[PDB]
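Structure below is protein19.cif: mmCIF, C-alpha atoms.
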data_data
loop_
_atom_site.label_atom_id
_atom_site.label_comp_id
_atom_site.auth_asym_id
_atom_site.auth_seq_id
_atom_site.Cartn_x
_atom_site.Cartn_y
_atom_site.Cartn_z
CA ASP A 7 18.29 17.72 -11.30
CA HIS A 8 15.43 15.84 -9.58
CA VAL A 9 12.05 15.03 -11.11
CA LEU A 10 9.32 15.07 -8.46
CA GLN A 11 5.81 13.63 -8.65
CA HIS A 12 2.94 13.25 -6.22
CA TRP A 13 0.33 10.49 -6.42
CA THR A 14 -2.70 9.60 -4.26
CA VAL A 15 -4.27 6.30 -3.18
CA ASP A 16 -7.99 6.52 -2.44
CA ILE A 17 -9.18 4.13 0.27
CA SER A 18 -12.80 3.21 1.02
CA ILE A 19 -13.60 1.53 4.34
CA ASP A 20 -16.99 -0.14 4.84
CA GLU A 21 -17.91 -1.50 8.31
CA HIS A 22 -20.97 -3.73 8.57
CA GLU A 23 -21.94 -6.15 11.33
CA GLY A 24 -18.34 -6.65 12.45
CA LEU A 25 -16.88 -7.06 8.94
CA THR A 26 -14.76 -4.22 7.57
CA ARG A 27 -13.87 -4.10 3.89
CA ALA A 28 -11.24 -1.72 2.53
CA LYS A 29 -10.55 -0.93 -1.13
CA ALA A 30 -7.45 1.04 -2.12
CA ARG A 31 -7.51 2.50 -5.63
CA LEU A 32 -4.48 3.90 -7.45
CA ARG A 33 -4.49 5.34 -10.96
CA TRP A 34 -1.27 6.29 -12.73
CA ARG A 35 -0.22 6.74 -16.34
CA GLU A 36 -1.95 3.94 -18.30
CA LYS A 37 -2.98 1.78 -15.35
CA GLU A 38 -5.50 1.43 -12.56
CA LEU A 39 -5.53 -1.00 -9.67
CA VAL A 40 -7.68 -1.66 -6.62
CA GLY A 41 -6.26 -3.46 -3.63
CA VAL A 42 -8.82 -5.13 -1.37
CA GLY A 43 -8.63 -6.04 2.29
CA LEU A 44 -11.00 -7.51 4.86
CA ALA A 45 -10.99 -7.58 8.65
CA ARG A 46 -13.60 -9.14 10.88
CA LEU A 47 -13.85 -8.25 14.54
CA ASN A 48 -14.21 -10.93 17.12
CA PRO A 49 -15.84 -10.88 20.55
CA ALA A 50 -12.59 -9.82 22.21
CA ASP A 51 -12.26 -6.60 20.18
CA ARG A 52 -15.82 -6.15 18.93
CA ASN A 53 -16.02 -2.71 20.55
CA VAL A 54 -12.79 -1.48 18.90
CA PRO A 55 -13.81 -0.82 15.29
CA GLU A 56 -10.56 1.08 14.76
CA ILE A 57 -8.78 -2.25 14.63
CA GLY A 58 -11.01 -3.48 11.79
CA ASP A 59 -10.43 -0.22 9.95
CA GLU A 60 -6.67 -0.21 10.12
CA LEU A 61 -6.28 -3.93 9.56
CA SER A 62 -8.52 -4.03 6.49
CA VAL A 63 -6.63 -1.02 5.10
CA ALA A 64 -3.24 -2.59 5.83
CA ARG A 65 -4.41 -5.57 3.83
CA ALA A 66 -5.78 -3.47 0.98
CA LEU A 67 -2.50 -1.53 0.70
CA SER A 68 -0.46 -4.70 0.78
CA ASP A 69 -2.74 -6.12 -1.93
CA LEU A 70 -2.33 -2.96 -3.97
CA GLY A 71 1.45 -3.08 -3.70
CA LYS A 72 1.45 -6.74 -4.72
CA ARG A 73 -0.72 -6.00 -7.74
CA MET A 74 1.57 -3.09 -8.67
CA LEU A 75 4.62 -5.31 -8.58
CA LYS A 76 2.86 -7.44 -11.18
CA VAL A 77 2.11 -4.45 -13.40
CA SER A 78 5.78 -3.40 -13.04
CA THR A 79 6.79 -6.89 -14.13
CA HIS A 80 4.62 -6.68 -17.24
CA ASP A 81 6.13 -3.32 -18.15
CA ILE A 82 9.68 -4.55 -17.67
CA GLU A 83 8.89 -7.58 -19.84
CA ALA A 84 7.53 -5.28 -22.52
CA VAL A 85 10.90 -3.48 -22.65
CA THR A 86 13.23 -6.47 -22.37
CA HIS A 87 11.03 -8.97 -24.27
CA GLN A 88 12.08 -11.52 -21.66
CA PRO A 89 9.83 -13.09 -19.02
CA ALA A 90 10.33 -11.57 -15.60
CA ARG A 91 9.01 -11.83 -12.09
CA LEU A 92 9.46 -9.36 -9.26
CA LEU A 93 9.31 -10.91 -5.79
CA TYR A 94 9.70 -7.59 -3.98
CA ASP B 7 -26.48 -0.16 8.66
CA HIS B 8 -23.01 0.43 7.13
CA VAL B 9 -20.38 2.84 8.42
CA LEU B 10 -18.34 4.28 5.54
CA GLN B 11 -15.00 6.08 5.69
CA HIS B 12 -12.58 7.42 3.11
CA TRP B 13 -8.83 7.74 3.68
CA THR B 14 -5.95 8.94 1.47
CA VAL B 15 -2.33 7.84 1.05
CA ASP B 16 0.01 10.60 -0.13
CA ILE B 17 2.88 9.38 -2.30
CA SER B 18 6.01 11.34 -3.21
CA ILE B 19 8.17 10.12 -6.09
CA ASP B 20 11.68 11.52 -6.55
CA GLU B 21 13.70 10.54 -9.67
CA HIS B 22 17.39 11.40 -9.72
CA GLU B 23 20.15 9.99 -11.91
CA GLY B 24 18.32 6.70 -12.46
CA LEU B 25 17.28 6.20 -8.81
CA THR B 26 13.61 6.67 -7.94
CA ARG B 27 12.53 6.98 -4.32
CA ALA B 28 8.88 6.78 -3.29
CA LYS B 29 7.42 7.64 0.12
CA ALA B 30 3.81 6.75 0.95
CA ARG B 31 2.36 8.55 3.97
CA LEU B 32 -0.87 7.57 5.72
CA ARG B 33 -2.34 9.31 8.75
CA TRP B 34 -5.35 7.89 10.60
CA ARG B 35 -6.78 8.26 14.08
CA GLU B 36 -3.77 8.32 16.45
CA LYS B 37 -1.14 7.06 14.02
CA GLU B 38 1.07 8.06 11.13
CA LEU B 39 3.25 5.89 8.93
CA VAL B 40 5.49 6.37 5.91
CA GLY B 41 6.26 3.47 3.63
CA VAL B 42 9.43 3.83 1.57
CA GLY B 43 10.41 2.24 -1.71
CA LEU B 44 13.34 2.50 -4.10
CA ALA B 45 13.81 1.52 -7.74
CA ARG B 46 16.94 1.98 -9.80
CA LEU B 47 16.84 1.83 -13.57
CA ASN B 48 19.39 -0.17 -15.45
CA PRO B 49 20.79 0.26 -18.95
CA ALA B 50 18.07 -1.94 -20.44
CA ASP B 51 15.21 0.28 -19.23
CA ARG B 52 17.04 3.54 -18.54
CA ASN B 53 14.76 5.40 -20.95
CA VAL B 54 11.55 4.12 -19.30
CA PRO B 55 11.31 6.17 -16.09
CA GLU B 56 7.71 5.03 -15.68
CA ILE B 57 9.05 1.67 -14.54
CA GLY B 58 11.10 3.28 -11.76
CA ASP B 59 8.06 5.29 -10.71
CA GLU B 60 5.63 2.43 -10.46
CA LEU B 61 8.12 -0.01 -8.97
CA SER B 62 9.30 2.36 -6.24
CA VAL B 63 5.65 3.12 -5.42
CA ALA B 64 4.71 -0.56 -5.35
CA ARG B 65 7.49 -1.03 -2.83
CA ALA B 66 6.48 1.98 -0.76
CA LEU B 67 2.85 0.77 -0.59
CA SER B 68 3.92 -2.72 0.34
CA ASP B 69 6.16 -1.23 3.04
CA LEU B 70 3.29 0.90 4.28
CA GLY B 71 0.96 -2.08 4.48
CA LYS B 72 3.59 -4.08 6.35
CA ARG B 73 4.10 -1.26 8.83
CA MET B 74 0.32 -0.97 9.28
CA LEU B 75 0.02 -4.65 10.07
CA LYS B 76 2.48 -4.00 12.91
CA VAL B 77 0.46 -1.06 14.23
CA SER B 78 -2.67 -3.27 14.05
CA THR B 79 -0.83 -5.90 16.05
CA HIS B 80 0.07 -3.39 18.75
CA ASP B 81 -3.54 -2.24 18.98
CA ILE B 82 -4.86 -5.78 19.22
CA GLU B 83 -2.32 -6.52 21.96
CA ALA B 84 -3.46 -3.43 23.83
CA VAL B 85 -7.02 -4.84 23.90
CA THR B 86 -6.25 -8.49 24.62
CA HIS B 87 -3.17 -7.91 26.81
CA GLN B 88 -1.63 -10.89 25.03
CA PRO B 89 1.31 -10.80 22.61
CA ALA B 90 0.23 -11.08 19.01
CA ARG B 91 1.68 -11.09 15.54
CA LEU B 92 -0.15 -10.60 12.26
CA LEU B 93 1.51 -12.28 9.28
CA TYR B 94 -1.04 -10.97 6.78
#

Will you turn the file into structure tokens for me?
Amino acid sequence: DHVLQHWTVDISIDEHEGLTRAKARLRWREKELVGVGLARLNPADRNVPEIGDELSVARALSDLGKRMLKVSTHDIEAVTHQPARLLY
Amino acid sequence: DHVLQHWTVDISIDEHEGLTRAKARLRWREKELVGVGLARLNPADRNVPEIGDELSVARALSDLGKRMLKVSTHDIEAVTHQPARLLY
């Protein structure tokens, strides 16, 4: 009675000179998105690169989810033929 | 000069009787999070399950990113020994 699926987000993390850039790619059906996030270390945490990693990724995933809400909106509008906007 | 990493988010999608539930799991270093999202179809799009899929996943990824911002906050606070809060 349930229909189950499994998807994957691929995340790249690039640390360079205290700047960490994350890119989170998701492909599904007819769509593909990349969420992007940045985190820069400061003197107080410059020796804790794990913070830059997880913060840039948090941002990339949030960006990805935001972009996906927009795709969802476009698909709903295609069905209803009425403008829509999803806030959450 | 760059340090590169690659991480993966695992997403489950469960459709049942018009309700779609997505769970997005990320493990990294010393942490593990699951973001959760729901989408329920309505009569106007009940025959477009792809909308429930992508909307529940958008929500799960947004939830995951929000939870990860909180983990990042805790880690920053552990370094600075000062309360913090990351809005984005």

Quick one: residues within 9 Å of residue B:79, only C-alpha atoms, excluding same-chain residues fewer than 5 positions away - as an MDAnalysis selection string? (chainID A and resid 57 61) or (chainID B and resid 74 84 89:92)

Over all C-alpha pairs taken in sequence order, what does chain B look like after a least-squares fit onto chain A? Please give it as a CSV table (one decimal) with C-alpha atoms, keeping the file's coordinate frame.
chain,number,residue,atom,x,y,z
B,7,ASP,CA,18.3,17.7,-11.3
B,8,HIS,CA,15.4,15.8,-9.6
B,9,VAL,CA,12.0,15.0,-11.1
B,10,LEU,CA,9.3,15.1,-8.5
B,11,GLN,CA,5.8,13.6,-8.7
B,12,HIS,CA,2.9,13.3,-6.2
B,13,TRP,CA,0.3,10.5,-6.4
B,14,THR,CA,-2.7,9.6,-4.3
B,15,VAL,CA,-4.3,6.3,-3.2
B,16,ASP,CA,-8.0,6.5,-2.4
B,17,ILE,CA,-9.2,4.1,0.3
B,18,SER,CA,-12.8,3.2,1.0
B,19,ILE,CA,-13.6,1.5,4.3
B,20,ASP,CA,-17.0,-0.1,4.8
B,21,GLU,CA,-17.9,-1.5,8.3
B,22,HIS,CA,-21.0,-3.7,8.6
B,23,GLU,CA,-21.9,-6.1,11.3
B,24,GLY,CA,-18.3,-6.6,12.5
B,25,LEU,CA,-16.9,-7.1,8.9
B,26,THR,CA,-14.8,-4.2,7.6
B,27,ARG,CA,-13.9,-4.1,3.9
B,28,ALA,CA,-11.2,-1.7,2.5
B,29,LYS,CA,-10.6,-0.9,-1.1
B,30,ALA,CA,-7.4,1.0,-2.1
B,31,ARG,CA,-7.5,2.5,-5.6
B,32,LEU,CA,-4.5,3.9,-7.4
B,33,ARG,CA,-4.5,5.3,-11.0
B,34,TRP,CA,-1.3,6.3,-12.7
B,35,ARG,CA,-0.2,6.7,-16.3
B,36,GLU,CA,-1.9,3.9,-18.3
B,37,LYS,CA,-3.0,1.8,-15.4
B,38,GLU,CA,-5.5,1.4,-12.6
B,39,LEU,CA,-5.5,-1.0,-9.7
B,40,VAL,CA,-7.7,-1.7,-6.6
B,41,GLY,CA,-6.3,-3.5,-3.6
B,42,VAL,CA,-8.8,-5.1,-1.4
B,43,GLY,CA,-8.6,-6.0,2.3
B,44,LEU,CA,-11.0,-7.5,4.9
B,45,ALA,CA,-11.0,-7.6,8.7
B,46,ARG,CA,-13.6,-9.1,10.9
B,47,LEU,CA,-13.8,-8.3,14.5
B,48,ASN,CA,-14.2,-10.9,17.1
B,49,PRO,CA,-15.8,-10.9,20.5
B,50,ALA,CA,-12.6,-9.8,22.2
B,51,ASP,CA,-12.3,-6.6,20.2
B,52,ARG,CA,-15.8,-6.1,18.9
B,53,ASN,CA,-16.0,-2.7,20.5
B,54,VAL,CA,-12.8,-1.5,18.9
B,55,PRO,CA,-13.8,-0.8,15.3
B,56,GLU,CA,-10.6,1.1,14.8
B,57,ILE,CA,-8.8,-2.3,14.6
B,58,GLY,CA,-11.0,-3.5,11.8
B,59,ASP,CA,-10.4,-0.2,9.9
B,60,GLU,CA,-6.7,-0.2,10.1
B,61,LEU,CA,-6.3,-3.9,9.6
B,62,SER,CA,-8.5,-4.0,6.5
B,63,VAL,CA,-6.6,-1.0,5.1
B,64,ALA,CA,-3.2,-2.6,5.8
B,65,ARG,CA,-4.4,-5.6,3.8
B,66,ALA,CA,-5.8,-3.5,1.0
B,67,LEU,CA,-2.5,-1.5,0.7
B,68,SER,CA,-0.5,-4.7,0.8
B,69,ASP,CA,-2.7,-6.1,-1.9
B,70,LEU,CA,-2.3,-3.0,-4.0
B,71,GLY,CA,1.4,-3.1,-3.7
B,72,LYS,CA,1.5,-6.7,-4.7
B,73,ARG,CA,-0.7,-6.0,-7.7
B,74,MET,CA,1.6,-3.1,-8.7
B,75,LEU,CA,4.6,-5.3,-8.6
B,76,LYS,CA,2.9,-7.4,-11.2
B,77,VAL,CA,2.1,-4.4,-13.4
B,78,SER,CA,5.8,-3.4,-13.0
B,79,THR,CA,6.8,-6.9,-14.1
B,80,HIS,CA,4.6,-6.7,-17.2
B,81,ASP,CA,6.1,-3.3,-18.1
B,82,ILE,CA,9.7,-4.6,-17.7
B,83,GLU,CA,8.9,-7.6,-19.8
B,84,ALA,CA,7.5,-5.3,-22.5
B,85,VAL,CA,10.9,-3.5,-22.6
B,86,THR,CA,13.2,-6.5,-22.4
B,87,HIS,CA,11.0,-9.0,-24.3
B,88,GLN,CA,12.1,-11.5,-21.7
B,89,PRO,CA,9.8,-13.1,-19.0
B,90,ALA,CA,10.3,-11.6,-15.6
B,91,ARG,CA,9.0,-11.8,-12.1
B,92,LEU,CA,9.5,-9.4,-9.3
B,93,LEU,CA,9.3,-10.9,-5.8
B,94,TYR,CA,9.7,-7.6,-4.0

Using all atoms listed in the file, I'd like a table of the residues in chain B that come within 9 Å of chain A; for each, show the closest atom pair and its distance in Å rounded to one decimal, ordered by chain and ascending number, as JSON lines.
{"residue": "B:7", "atom": "CA", "partner": "A:22", "partner_atom": "CA", "distance": 6.6}
{"residue": "B:8", "atom": "CA", "partner": "A:22", "partner_atom": "CA", "distance": 4.9}
{"residue": "B:9", "atom": "CA", "partner": "A:21", "partner_atom": "CA", "distance": 5.0}
{"residue": "B:10", "atom": "CA", "partner": "A:20", "partner_atom": "CA", "distance": 4.7}
{"residue": "B:11", "atom": "CA", "partner": "A:19", "partner_atom": "CA", "distance": 4.9}
{"residue": "B:12", "atom": "CA", "partner": "A:18", "partner_atom": "CA", "distance": 4.7}
{"residue": "B:13", "atom": "CA", "partner": "A:17", "partner_atom": "CA", "distance": 5.0}
{"residue": "B:14", "atom": "CA", "partner": "A:16", "partner_atom": "CA", "distance": 5.0}
{"residue": "B:15", "atom": "CA", "partner": "A:15", "partner_atom": "CA", "distance": 4.9}
{"residue": "B:16", "atom": "CA", "partner": "A:14", "partner_atom": "CA", "distance": 5.0}
{"residue": "B:17", "atom": "CA", "partner": "A:13", "partner_atom": "CA", "distance": 5.0}
{"residue": "B:18", "atom": "CA", "partner": "A:12", "partner_atom": "CA", "distance": 4.7}
{"residue": "B:19", "atom": "CA", "partner": "A:11", "partner_atom": "CA", "distance": 4.9}
{"residue": "B:20", "atom": "CA", "partner": "A:10", "partner_atom": "CA", "distance": 4.7}
{"residue": "B:21", "atom": "CA", "partner": "A:9", "partner_atom": "CA", "distance": 5.0}
{"residue": "B:22", "atom": "CA", "partner": "A:8", "partner_atom": "CA", "distance": 4.9}
{"residue": "B:23", "atom": "CA", "partner": "A:8", "partner_atom": "CA", "distance": 7.9}
{"residue": "B:30", "atom": "CA", "partner": "A:14", "partner_atom": "CA", "distance": 8.8}
{"residue": "B:34", "atom": "CA", "partner": "A:60", "partner_atom": "CA", "distance": 8.2}
{"residue": "B:35", "atom": "CA", "partner": "A:56", "partner_atom": "CA", "distance": 8.1}
{"residue": "B:50", "atom": "CA", "partner": "A:86", "partner_atom": "CA", "distance": 6.9}
{"residue": "B:51", "atom": "CA", "partner": "A:85", "partner_atom": "CA", "distance": 6.7}
{"residue": "B:54", "atom": "CA", "partner": "A:85", "partner_atom": "CA", "distance": 8.3}
{"residue": "B:56", "atom": "CA", "partner": "A:35", "partner_atom": "CA", "distance": 8.1}
{"residue": "B:57", "atom": "CA", "partner": "A:78", "partner_atom": "CA", "distance": 6.2}
{"residue": "B:58", "atom": "CA", "partner": "A:78", "partner_atom": "CA", "distance": 8.6}
{"residue": "B:59", "atom": "CA", "partner": "A:11", "partner_atom": "CA", "distance": 8.9}
{"residue": "B:60", "atom": "CA", "partner": "A:78", "partner_atom": "CA", "distance": 6.4}
{"residue": "B:61", "atom": "CA", "partner": "A:78", "partner_atom": "CA", "distance": 5.8}
{"residue": "B:63", "atom": "CA", "partner": "A:71", "partner_atom": "CA", "distance": 7.7}
{"residue": "B:64", "atom": "CA", "partner": "A:71", "partner_atom": "CA", "distance": 4.4}
{"residue": "B:65", "atom": "CA", "partner": "A:71", "partner_atom": "CA", "distance": 6.4}
{"residue": "B:66", "atom": "CA", "partner": "A:71", "partner_atom": "CA", "distance": 7.7}
{"residue": "B:67", "atom": "CA", "partner": "A:71", "partner_atom": "CA", "distance": 5.1}
{"residue": "B:68", "atom": "CA", "partner": "A:71", "partner_atom": "CA", "distance": 4.7}
{"residue": "B:69", "atom": "CA", "partner": "A:68", "partner_atom": "CA", "distance": 7.8}
{"residue": "B:70", "atom": "CA", "partner": "A:67", "partner_atom": "CA", "distance": 7.2}
{"residue": "B:71", "atom": "CA", "partner": "A:64", "partner_atom": "CA", "distance": 4.4}
{"residue": "B:72", "atom": "CA", "partner": "A:68", "partner_atom": "CA", "distance": 6.9}
{"residue": "B:73", "atom": "CA", "partner": "A:64", "partner_atom": "CA", "distance": 8.0}
{"residue": "B:74", "atom": "CA", "partner": "A:64", "partner_atom": "CA", "distance": 5.2}
{"residue": "B:75", "atom": "CA", "partner": "A:64", "partner_atom": "CA", "distance": 5.7}
{"residue": "B:77", "atom": "CA", "partner": "A:60", "partner_atom": "CA", "distance": 8.3}
{"residue": "B:78", "atom": "CA", "partner": "A:61", "partner_atom": "CA", "distance": 5.8}
{"residue": "B:79", "atom": "CA", "partner": "A:61", "partner_atom": "CA", "distance": 8.7}
{"residue": "B:81", "atom": "CA", "partner": "A:57", "partner_atom": "CA", "distance": 6.8}
{"residue": "B:82", "atom": "CA", "partner": "A:57", "partner_atom": "CA", "distance": 7.0}
{"residue": "B:85", "atom": "CA", "partner": "A:51", "partner_atom": "CA", "distance": 6.7}
{"residue": "B:86", "atom": "CA", "partner": "A:50", "partner_atom": "CA", "distance": 6.9}
{"residue": "B:94", "atom": "CA", "partner": "A:65", "partner_atom": "CA", "distance": 7.0}

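You will find atom CA of residue A:43 at 19.3 Å from atom CA of residue B:38.
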
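Going from atom CA of residue A:46 to atom CA of residue A:24 covers 5.6 Å.
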
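Interatomic distance, atom CA of residue A:44 to atom CA of residue B:93: 14.1 Å.
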